[PDB]
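Peer 1: Right, I'll just put the structure down here and ask away after.
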Number of protein chains: 2
Amino acid sequence: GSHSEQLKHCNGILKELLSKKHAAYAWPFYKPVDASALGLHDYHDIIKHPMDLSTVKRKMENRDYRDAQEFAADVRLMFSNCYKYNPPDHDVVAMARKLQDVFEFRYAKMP
Amino acid sequence: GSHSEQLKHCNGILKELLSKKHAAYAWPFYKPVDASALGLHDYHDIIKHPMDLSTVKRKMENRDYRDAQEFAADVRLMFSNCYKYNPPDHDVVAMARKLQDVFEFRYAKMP
Ligand SMILES: CCS(=O)(=O)Nc1ccc(Oc2ccc(F)cc2F)c(-c2cn(C)c(=O)c3[nH]ccc23)c1
Ligand SMILES: CCS(=O)(=O)Nc1ccc(Oc2ccc(F)cc2F)c(-c2cn(C)c(=O)c3[nH]ccc23)c1
């Protein structure tokens, strides 16, 4: 129920999402989506603001998050990016869901 | 794009969350959490802002959502209260995630 200890909580969420525990679904989000390499046609038109956990990690370490709601919007932006671009039956879409399940729960248990 | 079209889409989201299709996990969220009746100790302590689909439905019928974000914020709040109050291995937590999956996806597919 404070900023400095809430941001601590979000750091906690970040570490969990990046831990070896969640590696088998989390791995597409470790780094910025490489649209060229993966052949994602029009990825940069369809997707206004890219976001991944490495970006989130950086703003966290440089202390660029002013509050928790902001952390949240970036994390959800990252998943929404995935859901927007991809067909519902896409493998990565299932993976976004499983990681987001982890996100939403620990985020709900915030002070 | 603009608020009018977005909200139309949001209502269609709501409709889907209320349809028969999702009924076997959706049903806990149809109405406000009756803390008394379910014997949820301290629910109103723990949960500052109750939210359910009837409250969302009402605001939509009444045109009380100014933009799509405001719809998202209520629907996520409804899920968040669930994950906040309950233990992780609660049936209702499992049902929330299954419905949220339907929310997050179709919401990401907004024009
Ligand atoms: C670490 C960033 S990376 O770019 O360097 N590597 C990378 C590698 C595989 C990926 O996808 C798959 C994942 C899991 C599978 F089982 C199959 C996949 F194809 C994606 C990926 C990410 N996201 C957010 C998408 O929306 C998306 N759409 C289409 C691909 C993707 C990114
Ligand atoms: C809609 C009017 S109602 O709200 O009054 N009815 C109602 C009935 C059952 C419920 O839960 C169950 C779920 C799945 C089962 F298999 C068994 C259950 F009992 C909940 C329920 C809701 N929510 C948001 C919670 O956070 C929560 N925590 C503990 C219970 C709940 C609410």
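Each chain in the structure tokens gets a letter, A, B and so on, in the order shown; residues start at 1 in every chain, and ligands are counted from 1 in the order they appear.
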Which residues of chain A are close to chain B, meaning at most 6 Å apart when you count only C-alpha atoms, and how do they look as a list in words?

Peer 2: residues 80, 83, 84, 105, 108 and 109 of chain A

Peer 1: Could you give me, as a PyMOL selection string, each residue of chain B that DSSP assigns to helix (DSSP H, G or I) when run on this structure's backbone?

Peer 2: chain B and resi 3-18+20-29+35-38+43-46+53-61+68-85+91-108

Peer 1: How would you write, as a PyMOL selection string, the set of residues no farther than 10 Å from ligand 2 when counting only C-alpha atoms and all ligand atoms?

Peer 2: chain B and resi 24-40+43+47+50-54+78-87+90-96

Peer 1: After a least-squares superposition on chain A over all sequentially paired C-alpha atoms, what is chain B as a compact mmCIF listing (two decimals) with N, CA, C and O atoms, in the first residue's frame?

Peer 2:
```
# COMPACT_ATOMS: atom_id res chain seq x y z
N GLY B 1 0.21 -0.32 -0.95
CA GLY B 1 0.01 1.02 -0.35
C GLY B 1 0.69 2.13 -1.14
O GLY B 1 0.06 2.75 -2.00
N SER B 2 1.96 2.39 -0.82
CA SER B 2 2.72 3.48 -1.43
C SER B 2 3.70 2.94 -2.47
O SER B 2 4.09 1.77 -2.43
N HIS B 3 4.10 3.85 -3.37
CA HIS B 3 4.75 3.56 -4.63
C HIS B 3 6.02 2.74 -4.42
O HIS B 3 6.27 1.78 -5.15
N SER B 4 6.80 3.10 -3.40
CA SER B 4 8.05 2.42 -3.11
C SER B 4 7.83 0.91 -2.95
O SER B 4 8.48 0.13 -3.63
N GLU B 5 6.90 0.52 -2.07
CA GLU B 5 6.69 -0.86 -1.68
C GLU B 5 6.10 -1.67 -2.84
O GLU B 5 6.54 -2.78 -3.13
N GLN B 6 5.07 -1.09 -3.47
CA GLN B 6 4.43 -1.59 -4.69
C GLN B 6 5.45 -1.99 -5.76
O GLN B 6 5.41 -3.12 -6.26
N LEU B 7 6.38 -1.07 -6.10
CA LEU B 7 7.34 -1.29 -7.18
C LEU B 7 8.30 -2.43 -6.83
O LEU B 7 8.65 -3.22 -7.71
N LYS B 8 8.72 -2.50 -5.55
CA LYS B 8 9.46 -3.64 -5.03
C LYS B 8 8.70 -4.92 -5.40
O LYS B 8 9.29 -5.82 -6.00
N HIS B 9 7.41 -4.97 -5.06
CA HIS B 9 6.56 -6.11 -5.41
C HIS B 9 6.53 -6.32 -6.92
O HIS B 9 6.47 -7.47 -7.35
N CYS B 10 6.54 -5.24 -7.72
CA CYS B 10 6.40 -5.38 -9.16
C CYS B 10 7.64 -6.05 -9.73
O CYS B 10 7.55 -6.94 -10.58
N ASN B 11 8.80 -5.65 -9.19
CA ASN B 11 10.06 -6.22 -9.59
C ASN B 11 10.09 -7.72 -9.31
O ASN B 11 10.60 -8.51 -10.12
N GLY B 12 9.55 -8.11 -8.15
CA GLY B 12 9.48 -9.52 -7.81
C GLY B 12 8.60 -10.28 -8.81
O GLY B 12 8.89 -11.42 -9.13
N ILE B 13 7.54 -9.63 -9.29
CA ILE B 13 6.68 -10.16 -10.34
C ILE B 13 7.52 -10.45 -11.59
O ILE B 13 7.56 -11.59 -12.08
N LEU B 14 8.21 -9.40 -12.08
CA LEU B 14 9.10 -9.43 -13.23
C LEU B 14 10.10 -10.58 -13.10
O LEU B 14 10.22 -11.40 -14.02
N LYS B 15 10.81 -10.64 -11.98
CA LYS B 15 11.75 -11.70 -11.65
C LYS B 15 11.09 -13.06 -11.91
O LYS B 15 11.64 -13.92 -12.62
N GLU B 16 9.86 -13.24 -11.40
CA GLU B 16 9.17 -14.51 -11.54
C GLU B 16 8.87 -14.82 -13.01
O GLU B 16 9.03 -15.97 -13.41
N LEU B 17 8.46 -13.81 -13.79
CA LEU B 17 8.15 -13.96 -15.21
C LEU B 17 9.41 -14.32 -15.99
O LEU B 17 9.33 -14.89 -17.09
N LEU B 18 10.59 -13.98 -15.43
CA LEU B 18 11.84 -14.24 -16.12
C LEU B 18 12.51 -15.51 -15.62
O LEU B 18 13.53 -15.92 -16.17
N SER B 19 11.92 -16.16 -14.60
CA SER B 19 12.64 -17.26 -13.98
C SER B 19 12.52 -18.51 -14.85
O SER B 19 11.70 -18.57 -15.77
N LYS B 20 13.36 -19.50 -14.53
CA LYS B 20 13.52 -20.72 -15.31
C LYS B 20 12.19 -21.47 -15.35
O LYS B 20 11.94 -22.26 -16.26
N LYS B 21 11.38 -21.22 -14.32
CA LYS B 21 10.18 -21.98 -14.01
C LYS B 21 9.21 -21.85 -15.17
O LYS B 21 8.61 -22.83 -15.60
N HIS B 22 9.12 -20.64 -15.73
CA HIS B 22 8.12 -20.31 -16.73
C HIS B 22 8.72 -20.33 -18.14
O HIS B 22 8.03 -20.01 -19.10
N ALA B 23 9.97 -20.78 -18.27
CA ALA B 23 10.81 -20.55 -19.45
C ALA B 23 10.21 -21.09 -20.75
O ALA B 23 10.45 -20.54 -21.81
N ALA B 24 9.45 -22.18 -20.67
CA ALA B 24 8.99 -22.89 -21.86
C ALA B 24 7.75 -22.22 -22.47
O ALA B 24 7.31 -22.61 -23.54
N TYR B 25 7.17 -21.23 -21.79
CA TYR B 25 6.19 -20.38 -22.45
C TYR B 25 6.63 -18.91 -22.45
O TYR B 25 6.12 -18.13 -23.24
N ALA B 26 7.59 -18.55 -21.58
CA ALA B 26 8.00 -17.17 -21.40
C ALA B 26 8.91 -16.71 -22.54
O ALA B 26 8.90 -15.53 -22.91
N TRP B 27 9.66 -17.65 -23.12
CA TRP B 27 10.83 -17.34 -23.94
C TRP B 27 10.53 -16.43 -25.14
O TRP B 27 11.43 -15.73 -25.59
N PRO B 28 9.31 -16.43 -25.75
CA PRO B 28 9.03 -15.49 -26.84
C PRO B 28 9.03 -14.01 -26.45
O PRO B 28 9.08 -13.15 -27.34
N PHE B 29 9.03 -13.71 -25.14
CA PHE B 29 8.80 -12.34 -24.67
C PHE B 29 10.06 -11.74 -24.04
O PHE B 29 10.05 -10.60 -23.59
N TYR B 30 11.14 -12.53 -24.03
CA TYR B 30 12.41 -12.18 -23.41
C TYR B 30 12.97 -10.94 -24.11
O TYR B 30 13.56 -10.07 -23.48
N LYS B 31 12.78 -10.91 -25.44
CA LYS B 31 13.39 -9.90 -26.29
C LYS B 31 12.34 -9.28 -27.20
O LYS B 31 11.26 -9.83 -27.42
N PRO B 32 12.63 -8.10 -27.79
CA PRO B 32 11.70 -7.48 -28.72
C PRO B 32 11.44 -8.38 -29.94
O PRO B 32 12.35 -9.00 -30.47
N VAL B 33 10.19 -8.42 -30.36
CA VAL B 33 9.78 -9.15 -31.55
C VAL B 33 10.64 -8.68 -32.71
O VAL B 33 10.58 -7.52 -33.11
N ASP B 34 11.45 -9.61 -33.24
CA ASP B 34 12.23 -9.41 -34.44
C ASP B 34 11.34 -9.71 -35.64
O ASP B 34 11.29 -10.86 -36.11
N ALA B 35 10.58 -8.70 -36.09
CA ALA B 35 9.66 -8.87 -37.20
C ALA B 35 10.38 -9.39 -38.44
O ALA B 35 9.88 -10.31 -39.06
N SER B 36 11.52 -8.77 -38.79
CA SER B 36 12.27 -9.12 -39.99
C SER B 36 12.49 -10.62 -40.01
O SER B 36 12.13 -11.27 -41.00
N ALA B 37 13.06 -11.12 -38.90
CA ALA B 37 13.68 -12.43 -38.80
C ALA B 37 12.62 -13.52 -38.78
O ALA B 37 12.83 -14.59 -39.36
N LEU B 38 11.49 -13.25 -38.12
CA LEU B 38 10.41 -14.23 -38.01
C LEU B 38 9.49 -14.14 -39.21
O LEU B 38 8.60 -14.98 -39.37
N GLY B 39 9.70 -13.12 -40.05
CA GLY B 39 8.87 -12.95 -41.22
C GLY B 39 7.44 -12.70 -40.81
O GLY B 39 6.55 -13.45 -41.22
N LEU B 40 7.27 -11.67 -39.96
CA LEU B 40 5.98 -11.16 -39.55
C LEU B 40 5.66 -9.92 -40.40
O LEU B 40 6.02 -8.79 -40.05
N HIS B 41 4.98 -10.19 -41.51
CA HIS B 41 4.42 -9.16 -42.37
C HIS B 41 3.60 -8.15 -41.58
O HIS B 41 2.70 -8.52 -40.81
N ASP B 42 3.95 -6.88 -41.78
CA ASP B 42 3.16 -5.73 -41.36
C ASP B 42 3.11 -5.62 -39.84
O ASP B 42 2.23 -4.94 -39.31
N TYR B 43 4.04 -6.28 -39.14
CA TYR B 43 3.98 -6.32 -37.69
C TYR B 43 4.01 -4.90 -37.13
O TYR B 43 3.19 -4.56 -36.29
N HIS B 44 4.95 -4.08 -37.65
CA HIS B 44 5.15 -2.70 -37.21
C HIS B 44 4.01 -1.78 -37.68
O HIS B 44 3.82 -0.71 -37.10
N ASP B 45 3.26 -2.18 -38.71
CA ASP B 45 2.02 -1.51 -39.08
C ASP B 45 1.00 -1.73 -37.97
O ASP B 45 0.44 -0.77 -37.44
N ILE B 46 0.80 -3.02 -37.65
CA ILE B 46 -0.31 -3.50 -36.84
C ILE B 46 -0.08 -3.12 -35.39
O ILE B 46 -1.02 -2.70 -34.71
N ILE B 47 1.18 -3.24 -34.94
CA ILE B 47 1.57 -3.04 -33.55
C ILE B 47 2.26 -1.69 -33.38
O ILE B 47 3.43 -1.52 -33.70
N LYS B 48 1.52 -0.73 -32.82
CA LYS B 48 2.02 0.62 -32.68
C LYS B 48 3.09 0.66 -31.59
O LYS B 48 4.13 1.30 -31.73
N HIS B 49 2.81 -0.03 -30.48
CA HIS B 49 3.68 0.07 -29.32
C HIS B 49 4.25 -1.31 -29.00
O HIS B 49 3.60 -2.11 -28.32
N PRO B 50 5.47 -1.66 -29.46
CA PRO B 50 6.05 -2.97 -29.14
C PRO B 50 6.42 -2.94 -27.66
O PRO B 50 6.77 -1.89 -27.13
N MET B 51 6.34 -4.12 -27.02
CA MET B 51 6.75 -4.23 -25.63
C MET B 51 7.20 -5.66 -25.39
O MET B 51 6.64 -6.61 -25.94
N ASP B 52 8.25 -5.78 -24.58
CA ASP B 52 8.74 -7.08 -24.18
C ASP B 52 9.29 -6.94 -22.77
O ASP B 52 9.25 -5.85 -22.18
N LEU B 53 9.80 -8.05 -22.22
CA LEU B 53 10.19 -8.11 -20.82
C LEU B 53 11.55 -7.44 -20.63
O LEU B 53 11.84 -6.96 -19.54
N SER B 54 12.35 -7.36 -21.70
CA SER B 54 13.62 -6.65 -21.63
C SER B 54 13.39 -5.15 -21.50
O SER B 54 14.15 -4.47 -20.80
N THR B 55 12.34 -4.65 -22.18
CA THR B 55 11.98 -3.24 -22.12
C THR B 55 11.42 -2.91 -20.73
O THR B 55 11.75 -1.86 -20.18
N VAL B 56 10.56 -3.80 -20.21
CA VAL B 56 10.04 -3.68 -18.86
C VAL B 56 11.20 -3.78 -17.86
O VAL B 56 11.31 -2.97 -16.93
N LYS B 57 12.10 -4.75 -18.06
CA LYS B 57 13.20 -4.92 -17.12
C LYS B 57 14.03 -3.65 -17.06
O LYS B 57 14.34 -3.15 -15.97
N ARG B 58 14.35 -3.11 -18.25
CA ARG B 58 15.18 -1.92 -18.36
C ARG B 58 14.58 -0.75 -17.58
O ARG B 58 15.31 -0.09 -16.86
N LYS B 59 13.26 -0.51 -17.76
CA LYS B 59 12.58 0.60 -17.10
C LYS B 59 12.59 0.40 -15.58
O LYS B 59 12.64 1.37 -14.84
N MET B 60 12.52 -0.85 -15.13
CA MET B 60 12.51 -1.14 -13.70
C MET B 60 13.91 -0.87 -13.12
O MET B 60 14.04 -0.15 -12.13
N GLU B 61 14.96 -1.41 -13.74
CA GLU B 61 16.34 -1.14 -13.35
C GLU B 61 16.58 0.37 -13.30
O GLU B 61 17.18 0.87 -12.36
N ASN B 62 16.05 1.09 -14.28
CA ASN B 62 16.26 2.52 -14.41
C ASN B 62 15.30 3.33 -13.53
O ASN B 62 15.36 4.55 -13.55
N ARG B 63 14.40 2.64 -12.81
CA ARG B 63 13.37 3.25 -11.97
C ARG B 63 12.47 4.20 -12.78
O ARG B 63 12.20 5.33 -12.35
N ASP B 64 12.00 3.73 -13.95
CA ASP B 64 11.26 4.61 -14.86
C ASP B 64 9.76 4.44 -14.66
O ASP B 64 8.99 5.21 -15.23
N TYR B 65 9.33 3.46 -13.86
CA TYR B 65 7.92 3.28 -13.56
C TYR B 65 7.55 4.13 -12.34
O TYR B 65 8.16 3.98 -11.28
N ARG B 66 6.58 5.03 -12.49
CA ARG B 66 6.22 5.97 -11.44
C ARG B 66 5.33 5.28 -10.40
O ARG B 66 5.30 5.69 -9.24
N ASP B 67 4.60 4.24 -10.82
CA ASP B 67 3.67 3.52 -9.96
C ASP B 67 3.42 2.14 -10.56
O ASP B 67 3.85 1.87 -11.68
N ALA B 68 2.65 1.31 -9.84
CA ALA B 68 2.40 -0.08 -10.20
C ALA B 68 1.55 -0.20 -11.46
O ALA B 68 1.72 -1.12 -12.25
N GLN B 69 0.59 0.73 -11.62
CA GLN B 69 -0.24 0.74 -12.81
C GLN B 69 0.65 0.73 -14.05
O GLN B 69 0.42 -0.08 -14.94
N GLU B 70 1.69 1.58 -14.06
CA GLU B 70 2.55 1.79 -15.22
C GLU B 70 3.27 0.50 -15.60
O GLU B 70 3.51 0.24 -16.78
N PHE B 71 3.62 -0.32 -14.61
CA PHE B 71 4.16 -1.65 -14.85
C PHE B 71 3.09 -2.53 -15.48
O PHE B 71 3.36 -3.20 -16.48
N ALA B 72 1.87 -2.51 -14.93
CA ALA B 72 0.78 -3.34 -15.42
C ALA B 72 0.48 -2.97 -16.87
O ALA B 72 0.17 -3.84 -17.70
N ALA B 73 0.57 -1.68 -17.17
CA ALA B 73 0.10 -1.24 -18.47
C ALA B 73 1.03 -1.76 -19.55
O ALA B 73 0.54 -2.09 -20.63
N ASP B 74 2.34 -1.86 -19.24
CA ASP B 74 3.38 -2.33 -20.14
C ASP B 74 3.28 -3.85 -20.32
O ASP B 74 3.32 -4.37 -21.45
N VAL B 75 3.09 -4.56 -19.21
CA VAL B 75 3.02 -6.01 -19.27
C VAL B 75 1.77 -6.44 -20.05
O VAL B 75 1.83 -7.33 -20.89
N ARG B 76 0.63 -5.77 -19.79
CA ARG B 76 -0.58 -6.08 -20.52
C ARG B 76 -0.42 -5.70 -21.99
O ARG B 76 -0.89 -6.41 -22.89
N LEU B 77 0.26 -4.58 -22.25
CA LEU B 77 0.47 -4.19 -23.63
C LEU B 77 1.24 -5.29 -24.37
O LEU B 77 0.96 -5.56 -25.54
N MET B 78 2.22 -5.90 -23.68
CA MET B 78 3.06 -6.91 -24.30
C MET B 78 2.20 -8.11 -24.70
O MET B 78 2.25 -8.56 -25.84
N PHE B 79 1.33 -8.56 -23.78
CA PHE B 79 0.36 -9.61 -24.08
C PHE B 79 -0.61 -9.17 -25.18
O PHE B 79 -0.90 -9.96 -26.09
N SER B 80 -1.13 -7.94 -25.08
CA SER B 80 -2.12 -7.46 -26.04
C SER B 80 -1.61 -7.47 -27.49
O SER B 80 -2.35 -7.89 -28.37
N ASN B 81 -0.35 -7.04 -27.70
CA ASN B 81 0.26 -7.04 -29.02
C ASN B 81 0.24 -8.46 -29.58
O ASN B 81 0.04 -8.66 -30.78
N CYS B 82 0.47 -9.42 -28.69
CA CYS B 82 0.57 -10.81 -29.10
C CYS B 82 -0.80 -11.27 -29.60
O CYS B 82 -0.90 -11.75 -30.72
N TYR B 83 -1.84 -11.07 -28.78
CA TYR B 83 -3.18 -11.49 -29.14
C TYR B 83 -3.71 -10.70 -30.34
O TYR B 83 -4.51 -11.22 -31.11
N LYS B 84 -3.28 -9.44 -30.48
CA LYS B 84 -3.72 -8.58 -31.57
C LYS B 84 -3.20 -9.08 -32.92
O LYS B 84 -3.96 -9.21 -33.87
N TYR B 85 -1.88 -9.32 -33.00
CA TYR B 85 -1.26 -9.65 -34.27
C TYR B 85 -1.64 -11.06 -34.73
O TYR B 85 -1.88 -11.26 -35.91
N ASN B 86 -1.68 -12.01 -33.79
CA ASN B 86 -1.65 -13.43 -34.10
C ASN B 86 -3.06 -13.99 -34.23
O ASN B 86 -4.01 -13.47 -33.65
N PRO B 87 -3.25 -15.09 -34.99
CA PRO B 87 -4.50 -15.86 -34.92
C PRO B 87 -4.71 -16.49 -33.55
O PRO B 87 -3.75 -16.80 -32.86
N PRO B 88 -5.97 -16.70 -33.10
CA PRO B 88 -6.25 -17.38 -31.83
C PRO B 88 -5.63 -18.76 -31.54
O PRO B 88 -5.38 -19.08 -30.38
N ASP B 89 -5.36 -19.55 -32.58
CA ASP B 89 -4.88 -20.91 -32.37
C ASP B 89 -3.38 -20.98 -32.64
O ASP B 89 -2.84 -22.00 -33.07
N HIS B 90 -2.70 -19.85 -32.40
CA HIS B 90 -1.26 -19.79 -32.57
C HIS B 90 -0.62 -20.26 -31.27
O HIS B 90 -1.11 -19.94 -30.18
N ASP B 91 0.45 -21.05 -31.40
CA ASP B 91 1.21 -21.53 -30.25
C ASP B 91 1.53 -20.39 -29.31
O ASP B 91 1.42 -20.54 -28.10
N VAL B 92 1.91 -19.24 -29.89
CA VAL B 92 2.42 -18.12 -29.13
C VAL B 92 1.28 -17.46 -28.35
O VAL B 92 1.51 -16.92 -27.27
N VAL B 93 0.06 -17.52 -28.89
CA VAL B 93 -1.10 -17.02 -28.16
C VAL B 93 -1.34 -17.89 -26.92
O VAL B 93 -1.70 -17.36 -25.87
N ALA B 94 -1.12 -19.20 -27.04
CA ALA B 94 -1.32 -20.12 -25.91
C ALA B 94 -0.30 -19.84 -24.81
O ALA B 94 -0.62 -19.94 -23.62
N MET B 95 0.92 -19.46 -25.21
CA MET B 95 2.05 -19.22 -24.32
C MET B 95 1.88 -17.89 -23.58
O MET B 95 2.39 -17.73 -22.47
N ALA B 96 1.21 -16.95 -24.24
CA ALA B 96 0.98 -15.61 -23.72
C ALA B 96 0.00 -15.70 -22.55
O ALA B 96 0.22 -15.11 -21.49
N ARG B 97 -1.06 -16.50 -22.75
CA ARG B 97 -2.12 -16.68 -21.77
C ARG B 97 -1.55 -17.38 -20.54
O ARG B 97 -1.90 -17.04 -19.42
N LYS B 98 -0.67 -18.37 -20.76
CA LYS B 98 -0.10 -19.10 -19.63
C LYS B 98 0.77 -18.17 -18.78
O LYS B 98 0.75 -18.26 -17.56
N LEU B 99 1.49 -17.25 -19.43
CA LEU B 99 2.33 -16.30 -18.72
C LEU B 99 1.49 -15.19 -18.09
O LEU B 99 1.86 -14.65 -17.04
N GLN B 100 0.39 -14.82 -18.76
CA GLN B 100 -0.45 -13.73 -18.29
C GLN B 100 -1.15 -14.16 -17.01
O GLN B 100 -1.39 -13.35 -16.10
N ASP B 101 -1.49 -15.46 -16.97
CA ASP B 101 -2.09 -16.07 -15.80
C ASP B 101 -1.20 -15.83 -14.58
O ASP B 101 -1.69 -15.45 -13.52
N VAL B 102 0.11 -16.09 -14.75
CA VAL B 102 1.11 -15.84 -13.73
C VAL B 102 1.20 -14.33 -13.44
O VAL B 102 1.40 -13.91 -12.30
N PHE B 103 1.04 -13.49 -14.47
CA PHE B 103 1.08 -12.06 -14.21
C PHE B 103 -0.15 -11.62 -13.40
O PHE B 103 -0.01 -11.09 -12.28
N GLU B 104 -1.34 -11.84 -13.96
CA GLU B 104 -2.57 -11.29 -13.41
C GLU B 104 -2.71 -11.68 -11.94
O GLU B 104 -3.03 -10.84 -11.10
N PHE B 105 -2.42 -12.96 -11.63
CA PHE B 105 -2.61 -13.47 -10.29
C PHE B 105 -1.71 -12.73 -9.30
O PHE B 105 -2.19 -12.06 -8.40
N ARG B 106 -0.39 -12.82 -9.50
CA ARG B 106 0.55 -12.27 -8.54
C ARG B 106 0.38 -10.75 -8.43
O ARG B 106 0.62 -10.19 -7.36
N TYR B 107 -0.08 -10.11 -9.52
CA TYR B 107 -0.32 -8.68 -9.53
C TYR B 107 -1.52 -8.35 -8.65
O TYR B 107 -1.55 -7.29 -8.03
N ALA B 108 -2.51 -9.24 -8.61
CA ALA B 108 -3.71 -9.01 -7.82
C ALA B 108 -3.41 -9.12 -6.32
O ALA B 108 -4.17 -8.59 -5.52
N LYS B 109 -2.32 -9.83 -5.99
CA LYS B 109 -1.87 -10.09 -4.63
C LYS B 109 -0.88 -9.01 -4.19
O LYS B 109 0.02 -9.26 -3.38
N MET B 110 -1.08 -7.79 -4.69
CA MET B 110 -0.20 -6.68 -4.33
C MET B 110 -0.77 -5.96 -3.11
O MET B 110 -1.98 -5.76 -3.02
N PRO B 111 0.07 -5.59 -2.11
CA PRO B 111 -0.36 -4.80 -0.95
C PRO B 111 -0.91 -3.40 -1.26
O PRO B 111 -1.09 -2.65 -0.32
```
